[PDB]
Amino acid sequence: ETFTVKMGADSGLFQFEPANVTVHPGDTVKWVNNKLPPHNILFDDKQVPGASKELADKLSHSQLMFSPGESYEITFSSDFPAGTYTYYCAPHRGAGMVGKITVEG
């Protein structure tokens, strides 16, 4: 299954919508640039399973995304450990633009 997360709330707020998603290994999370771009996707190395900067870097899309509707996807392959993965948008981190993916094995 693919789960879609909007970057920017439809109403014009600095949020991932929905904030929290639960997936199964093999599933895909697709981020779609929605409102008030740019945004990016940075995983917090302290809040991914195994507390790994390498894992967080692999998952991240650090470059800013400006075009309405453009997308970035991660498919949660077996390489990636089950557990919770917290991420944020760098330019809007203080605004509370944070989200979480729970990979349930």
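Throughout, we count residues from 1 along the sequence that is shown.
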>> When the Cα temperature factors in the entry are averaged, is it 71-79 or 47-55 that ends up higher?
In response: 71-79
>> Ranking every modelled residue in this chain by its Cα temperature factor as given in the entry, which third contains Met97?
In response: lowest
> Thinking about Cα B factors across the chain, which third does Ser11 belong to?
Replying inline: highest
> By its CA B factor, does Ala19 count among the lowest, middle or highest third of the modelled residues in the chain?
Replying inline: highest
